[PDB]
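Notes follow once the structure below has been shown.
Reminder, nothing fancy here: chain letters follow the sequence lines and each chain counts from 1.
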Amino acid sequence: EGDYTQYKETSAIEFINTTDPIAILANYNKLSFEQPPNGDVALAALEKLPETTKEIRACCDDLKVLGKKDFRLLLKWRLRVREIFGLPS
Amino acid sequence: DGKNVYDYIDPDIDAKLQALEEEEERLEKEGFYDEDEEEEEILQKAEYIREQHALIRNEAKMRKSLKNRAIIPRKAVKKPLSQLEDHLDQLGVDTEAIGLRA
Amino acid sequence: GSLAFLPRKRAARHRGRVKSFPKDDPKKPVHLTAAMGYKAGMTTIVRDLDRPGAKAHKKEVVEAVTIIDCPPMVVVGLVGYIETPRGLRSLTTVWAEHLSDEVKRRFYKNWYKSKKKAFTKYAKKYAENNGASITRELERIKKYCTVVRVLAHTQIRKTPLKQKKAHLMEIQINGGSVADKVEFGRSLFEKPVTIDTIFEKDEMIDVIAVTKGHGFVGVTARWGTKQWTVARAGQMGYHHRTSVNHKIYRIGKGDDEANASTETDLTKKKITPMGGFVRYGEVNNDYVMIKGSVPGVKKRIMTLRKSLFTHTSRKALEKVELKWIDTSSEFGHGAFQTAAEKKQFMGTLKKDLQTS
Amino acid sequence: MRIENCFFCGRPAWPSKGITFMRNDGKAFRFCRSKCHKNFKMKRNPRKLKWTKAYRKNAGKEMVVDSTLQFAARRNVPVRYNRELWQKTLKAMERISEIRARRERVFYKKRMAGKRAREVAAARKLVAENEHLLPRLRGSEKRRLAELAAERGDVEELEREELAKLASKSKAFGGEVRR
RNA sequence: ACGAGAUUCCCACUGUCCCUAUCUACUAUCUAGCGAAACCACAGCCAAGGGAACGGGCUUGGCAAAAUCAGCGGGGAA
RNA sequence: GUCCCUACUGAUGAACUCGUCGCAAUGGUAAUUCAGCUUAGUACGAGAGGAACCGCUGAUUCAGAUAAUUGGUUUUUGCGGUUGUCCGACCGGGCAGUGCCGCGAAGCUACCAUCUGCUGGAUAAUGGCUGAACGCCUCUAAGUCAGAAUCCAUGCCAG
RNA sequence: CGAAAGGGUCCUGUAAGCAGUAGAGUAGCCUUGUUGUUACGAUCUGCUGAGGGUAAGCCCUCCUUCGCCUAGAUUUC
Ligand SMILES: [Zn+2]
């Protein structure tokens, strides 16, 4: 109840900062890089990083068509970015 | 011809088509569409070497058997002179020497 | 099952007989009734529907059509029948001079080893002042017969078939006086009759053919199970059937070089699918595009005849407008209508550069 | 009445071909065949499979920048019907197609630019290491040619002519056993 | 608490079914050679009639055309 | 406490010289129900409500076909991946009564797909015309009109 | 007519081999390396929508190549 239209999006930073990355991947449709109304500097940084390649942006656009290798690649890229950004682990 | 007319329908297409024709003449001008015996004999010899390798492999595959059969040793079997005379001839050896051994 | 088709035996003949020509009155103009063609296969079309009162009105519909290869038939004879208290009786038949080798092949079982002399003495009847004999038979038909039929045979050298033995049949001449139709039949001798003259577009016809055989089959697939009225095992298939009310969607000319083109798509292509009709070949003659499915296997002789009665539906007398005709390969999941369209999509290949 | 493109491979999807999948988010996926449909249900990556346009575009096998391929796009603002406009559009399309293929031909040749240099370099290595497998005439042929040269009165040129003619012109297995 | 104990309920799966379709091997089929047995008064189409609710041979109708191959299960007192 | 003949379903067949094109005695017989649009918010009705003929379009059941398309099936052992063991390694392969997995043409199939199902005469109940019986009267007695998904045929199947 | 072959159409999915320090990793040489070197090196990339199969119940053949042919046996007014 309440999740009509069966569609949900977040920002990429939320996927980076979350404690449960598996929950976001399994329950959302799109990881967006759209600059927030205010303007997120982390989005600007994460967009311009060389780790996020064309394949990474392809998977984030459509989460419901991904497979085993694609999901693992997203988790690996999350860990690499968190190391750059100084997150705990 | 496998295309959608509605996809290409666009006003001012004459200007776009005219611009494309200019690009074609310029590209035909500077040389974007221009097409540019020792090597032939080397390749022919390389094919001959590869063909000989296949024939040698075919000869080896001919005798191999699928699973480890006991075989007659070469020293045990006896061979005709015609086969030895022929094979030596293909290798470029004069016959004059052989003919008196057996 | 149905007891109206009860003697589920193999058809006595491979060709199939009309068994009923439409009732004749002298008021209509002189015309032919039936024709022969060879089943080529099936293809998909898109039709701009114009059915007032239907859900798909003013909309595009995808339909399945069957293609029948129809080389022109050659009229080589004439037959006359008289009315008797015991039914119709053949009084006399008048053959034409100069019959072809194919139609003579029908008269022989071993044509290769035979001294081909069928109708050799009959030819002398025309050319040796025995034309009185030919005219006497023609006058006999005029003054004694009530139904006159035409013997026409196919031309299978044009068909991509290994068979060389043509097919004969009698086609009734309807609509006129007996004298008028006799002069009609004599004038048609030695002449090819094309399919666009017998039938035409957006008219509804009946097709007669022998169904596909299945051999000895049990009750499960023969009579459809979940004495004469009890389901048994026996022959299934190869049964003579007469299917009625099939609408002609197009008649192709073969020489047009744009048979499959419509006023909507401007692609110069013929009806033959990419790679050819599977197990048939290429249709290089006139063809009749019939809606739906029709009894018979591919390359089987097909008998087309007219409707016995004036139609009572709006499916007849309604115009058929075509948008696009499929030509992609039937040998697989085809996606290209023309050889050019495949090369444009995939670019150039390794063999293309090596050859060039 | 439109020609659609496959979601998986991008092949021309014509009417009554393939299958369409409707997702609860409100998106429709069009497939040209069961091969593409079954790969989609198994969650394979079209960008990784080598028989798809997604791989070919992303791997540099196809031209993605050009003036020709920008002419065609999906139009969301209808243009009022005009007979002259449609007729010249068809002529424009025909001109556009032959320019595209005759630009695509250069693209393929540029991709395979250095291929003969590698082939001859490998061929030079093979001959240098396997010189004993080259044609070598025959011992009887050398003798018979030597007498013919002696009778004529250029043995090296005569041998070369014989060597070439036999190379211009297969061995069986076993043979007859006398009964 | 325990039980290859029974029953009910819940989740999951299934050609059990809607409703069937396809595929493989051995048979079934044909040939060469070899080669029985059960059983057998004589036979073998149907209808009505043949008092003893009994017909296979009689009556009087329907009919009725050589010789064969495969399938089946309809018939042969208390 | 007792594998044969026939029937039926199919397939051949000697005699009539072989073949081609036909006729049609006889036998069987096939179509069914519902809905929607228009008529019409009309006739009818105080109101609430609320039809039908002509015309048009679908669907249920049944029947006969067909493979363009979609799905299913795979010994195409067609291509690819992979487990165990082996041919000394590579390449190429064997065996695991088709090792397992993915796709898979062709063929076969599916109201899981698609197509098609047709018109004359005579009647039953009943409603009538002219008109005796019976100086009224009466559809009946002589004569005669219409009329059911009925009957008989055509279309259809066999010959 | 038959057998091959070429082309087309479909199926699969990128062959064997060679090459690029792209390459994680495993080790020697000399002495410190701020850019030291030499070998092996799973994997990746290019040659390569390549390679393989294609009628057995797919399609075509301009001389694409090779071959076969007017039989032999019985019966019939
Ligand atoms: Zn696709």
Side-chain angles (χ1 to χ4, degrees), chain C residues 1-23 33-45 61-69 86-88 109 154 161-163 165 167-170 204-249 277-280 288-309 311-313 315-316 330-331, chain D residues 16 19 34:
Chain C
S2 204
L3 314 206
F5 307 90
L6 203 66
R8 290 202 102 117
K9 58 186 315 198
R10 321 185 166 150
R13 210 207 307 142
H14 186 81
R15 192 173 79 224
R17 28 198 274 284
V18 168
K19 295 218 218 173
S20 276
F21 288 97
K23 184 217 259 237
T33 306
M36 283 144 135
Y38 292 97
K39 176 159 171 183
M42 313 211 40
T43 181
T44 293
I45 60 147
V61 286
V62 159
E63 294 280 336
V65 297
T66 178
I67 306 303
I68 288 93
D69 193 21
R86 301 186 285 172
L88 277 188
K109 289 260 178 331
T154 66
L161 255 48
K162 274 111 179 159
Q163 178 171 331
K165 166 152 37 186
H167 281 104
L168 265 169
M169 75 167 318
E170 274 161 286
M204 284 201 8
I205 65 164
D206 308 349
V207 170
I208 298 149
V210 180
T211 62
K212 160 159 75 158
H214 296 106
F216 196 87
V217 177
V219 297
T220 302
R222 191 181 189 215
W223 298 94
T225 63
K226 184 180 288 293
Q227 220 193 35
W228 65 307
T229 62
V230 188
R232 296 292 181 185
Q235 171 89 24
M236 166 172 147
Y238 207 62
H239 295 327
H240 186 277
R241 292 293 185 257
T242 300
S243 320
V244 302
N245 287 358
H246 293 297
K247 195 164 180 72
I248 296 178
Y249 272 20
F277 272 113
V278 161
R279 227 158 69 250
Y280 175 78
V288 181
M289 191 167 95
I290 295 188
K291 188 212 168 65
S293 63
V294 169
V297 310
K298 292 192 170 208
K299 88 180 73 173
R300 176 154 288 179
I301 178 67
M302 294 294 254
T303 293
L304 285 65
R305 81 145 154 80
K306 290 200 145 294
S307 306
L308 294 194
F309 325 111
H311 292 276
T312 67
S313 48
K315 307 276 286 298
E330 310 174 3
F331 203 44
Chain D
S16 73
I19 194 161
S34 66

Seminar exercise, completed: Scanning both residues in full, the closest heavy-atom pair of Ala11(C) with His240(C) reads CB-N, 4.0 Å

For this session: Heavy atoms only: give me the nearest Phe21(C)-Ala34(C) pair and the separation to one decimal.
Result: CE2-CB, 4.1 Å

For this session: State which residues pass side chain to side chain donor-acceptor pair (under 3.5 Å) with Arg232(C); sequence neighbours excluded, sorted by chain then number.
Result: none

Exercise. For the residue pair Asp206(C) and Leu308(C), what are the closest heavy atoms and their distance?
Worked result: OD2-N, 4.4 Å

Seminar exercise, completed: Between the CD1 atom in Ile248(C) and the CD1 atom in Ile205(C), the distance rounded to the nearest 0.5 Å is 4.0 Å

For this session: Report the C-alpha distance between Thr303(C) and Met169(C) in whole Å, list the side-chain angles of each, state the deciding distance to 0.1 Å, and finish with yes or no for side-chain contact (heavy atoms from CB on, under 4.5 Å).
Result: CA-CA 9 Å; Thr303(C) 293; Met169(C) 75 167 318; 4.2 Å; yes

For this session: Flag the pair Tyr280(C) / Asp69(C) as yes when at least one side-chain heavy-atom distance between them is below 4.5 Å, and no otherwise.
Result: yes

For a quick test of your reading: what N or O donor-acceptor pairs under 3.5 Å do the side chains of residues 289-301 of chain C make, sequence neighbours left out?
residue, atom, partner, partner atom, Å
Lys291(C), NZ, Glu63(C), OE1, 2.8
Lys291(C), NZ, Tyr249(C), OH, 3.1
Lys298(C), NZ, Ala40(C), O, 3.4
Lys298(C), NZ, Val278(C), O, 2.8
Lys298(C), NZ, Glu330(C), OE1, 3.4
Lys299(C), NZ, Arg279(C), O, 3.3
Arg300(C), NH1, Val210(C), O, 2.7
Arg300(C), NH1, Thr211(C), O, 2.8

Seminar exercise, completed: Here the gap from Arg222(C) atom CZ to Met236(C) atom CE, rounded to the nearest 0.5 Å, amounts to 9.5 Å

Problem set entry | Residue pair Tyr238(C) / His214(C), side-chain donor-acceptor N/O under 3.5 Å | no

Exercise. At their closest point, which heavy atom of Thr220(C) faces which heavy atom of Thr225(C), and how far apart are they?
Worked result: CA-OG1, 3.4 Å

Problem set entry | Distance (rounded to the nearest 0.5 Å) between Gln163(C) CD and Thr154(C) OG1 | 8.0 Å

For this session: Flag the pair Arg8(C) / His239(C) as yes when at least one side-chain heavy-atom distance between them is below 4.5 Å, and no otherwise.
Result: yes

Exercise. Is a side-chain donor or acceptor of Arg17(C) paired with a backbone partner of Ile208(C) at a separation under 3.5 angstrom?
Worked result: no

Seminar exercise, completed: CE (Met302(C)) and OH (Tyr38(C)) are apart, to the nearest 0.5 Å, by 11.5 Å

For this session: State whether the number of non-hydrogen atoms from other residues, nucleotides or ligands found under 6.0 Å of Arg86(C) atom CZ is greater than 12.
Result: no

